[PDB]
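>>> sequence plus experimental coordinates follow:
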There are 2 protein chains.
Amino acid sequence: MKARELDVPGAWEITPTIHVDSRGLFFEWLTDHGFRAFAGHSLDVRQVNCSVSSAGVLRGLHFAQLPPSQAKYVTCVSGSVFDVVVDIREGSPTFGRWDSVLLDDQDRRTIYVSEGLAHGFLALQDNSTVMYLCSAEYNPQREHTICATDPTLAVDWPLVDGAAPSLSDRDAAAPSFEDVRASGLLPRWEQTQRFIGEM
Amino acid sequence: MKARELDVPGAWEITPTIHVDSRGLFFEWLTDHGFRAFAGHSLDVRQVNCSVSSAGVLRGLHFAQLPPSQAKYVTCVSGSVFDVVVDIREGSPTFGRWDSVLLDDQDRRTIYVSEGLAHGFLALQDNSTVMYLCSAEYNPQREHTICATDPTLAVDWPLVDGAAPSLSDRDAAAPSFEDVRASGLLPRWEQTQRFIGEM
């Protein structure tokens, strides 16, 4: 429990309070009281996803179109991943900027990624399990991708054994950011804030 | 997927559809559409807990007082645990009965435990991580315990294949089940169902 807003506003690194005893350890990954503190409203969890990745695999970068969009509360429960958030909300003063947080089974952090941002992660270890809560159910029709290695975003992805990333087919064929920007599919800063402006 | 009501009504074993590819694997641990199918309403997630346990460690048996008690959607993401649900609902035709499901990082099952039941699990391996979604925030004043080895329940714990099990001070001193029934702290079958059959 310290929630630390990232350099992209609307995305937070959460560190839990870990109680350790003879049995091992426990913690609160999420509490309504705790989340409400920093996000300003309660998370309604409409889906939770799980994945396990081998070293070097990259999933992202993903977003959901704004009327609902899809907020994400994301943690690593085995191995480690380098997780990245991107400000795709045209009009925003951090538009085009990204930040990362390190999710592992040692510090056990979480990133919360609010509505209308893009998100992705690179596994750094075999048997890297990522679990994440979502505010909307998966919707193929309103989910989109931006290529993870886009040169305008120029995300500083680490590489494993100096080895290039393993991605899915759809992630590998993802359009470019100025290809998605021009096609009108990015969220607007003003309209995300009004949707979150609900409470 | 597969949701299979246990021999205690109101508790279910869930098996996911696991997509495997070159990156590893992924699945939907929960979807609203899928949960509603069997529970008959949506899970209001107000807390998510996480624990990691060494071999032989036993946590439970726990229940929450009705209005509004604490339903639990529970899974193992590393190692394995033997998970037990007990019907503590006075008046129920299965009053005093229990069932188990095996949660592990092989089959990746889940047990859903509705309002007014008691729940516990035994870790069968080092580095056994359990995560669970909860319909209520933790409330110490309304959470009660029943001794896990209560002779009336006679739960069949699997590791009188070595050692006695390892517990915390509160679970070790938990009151037995006639201690808890005569003190009138148990849910009533009729009123758990009125709370649930309300959706």
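Perfect, I can see it now. Residues are numbered from 1 along each chain as shown, chains lettered A, B, ... in the order given.

>>> the residue nearest to the spatial centre of chain A bridge partners, please.
Nearest residue to the geometric centre of chain A (CA atoms, centre = their mean): residue A:119, 3.8 Å. As for beta bridges, residue A:119 partners with residue A:62, residue A:85 under DSSP bridges.

>>> again with residue A:132
Beta-bridge partners, per DSSP bridges, of residue A:132: residue A:49, residue A:74.

>>> what about it, how many residues nearby?
Other residues lying near residue A:132 total 24 when counted by other CB atoms under 10 Å in any protein chain shown. For the C-beta atoms, the positions are set from N, CA and C on the backbone; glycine is no exception.

>>> which non-adjacent residue is nearest the residue of chain A positioned farthest from its centre?
Using CA atoms, centre = their mean, the residue of chain A lying farthest from its centre is residue A:22. It sits 33.5 Å away. Of all residues not flanking residue A:22 in the chain, residue B:166 sits nearest, at 6.9 Å (CB to CB, 6 or more residues apart in numbering or on different chains).

>>> which residues touch that neighbour?
By CB atoms under 8 Å, 6 or more residues apart in numbering or on different chains, the contact list for residue B:166 reads A:22-23, B:54, B:56-58.

>>> which residues of chain A lie near chain B?
A:21-33, A:42-54, A:57, A:59, A:77-78, A:108, A:128-129, A:131, A:133, A:137-138, A:166-168 (CB under 8 Å from any CB of the partner chain).

>>> from the residues you listed, which land in strands?
A:21, A:24-31, A:47-53, A:59, A:77-78, A:128-129, A:131, A:133 (DSSP state E).

>>> of these, grab the buried ones for ChimeraX.
To isolate the buried subset of those in ChimeraX, counting by 16 or more other CB atoms under 10 Å in any protein chain shown, use the following:
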select /A:24,26,27,28,29,30,31,47,48,49,50,51,52,53,59,77,78,128,129,131,133
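
>>> contacts only, for residue A:159.
A:56, A:165.

>>> now do the SS call for residue A:178.
Here residue A:178 is helix, with the state taken from DSSP: H, G, I helix; E, B strand; the rest coil.

>>> quick check: closest non-adjacent residue to it.
residue A:152 (6.2 Å).

>>> count of neighbours near that neighbour?
Neighbours around residue A:152, by other CB under 10 Å: 11.

>>> state the distance from it to residue A:173.
Distance, residue A:152 to residue A:173, by CB to CB, to the nearest Å: 18 Å.

>>> repeat that for residue A:198.
35 Å.

>>> could you do residue A:99 as well?
Counting by CB to CB, the gap from residue A:99 to residue A:173 is 26 Å.

>>> what does residue A:165 give?
Using CB to CB, residue A:165 is found at 14 Å from residue A:173.

>>> looking at those two, which is more packed in?
More neighbours surround residue A:165 than the other of residue A:165 and residue A:173, with 18 against 10 (other CB under 10 Å).

>>> need the contact list for the more buried one.
Each residue near residue A:165 by CB under 8 Å, 6+ apart is listed here: A:56-58, A:122, A:148-149, A:157, A:159.

>>> likewise for residue A:88?
So residue A:88 contacts A:63, A:95, A:116-118, A:146, A:177, A:180, A:186-187 (CB under 8 Å, 6+ apart).

>>> and those, which two are the farthest apart?
By the measure CB to CB, A:116 and A:177 form the most distant pair in the contacts of residue A:88, at 14.6 Å.
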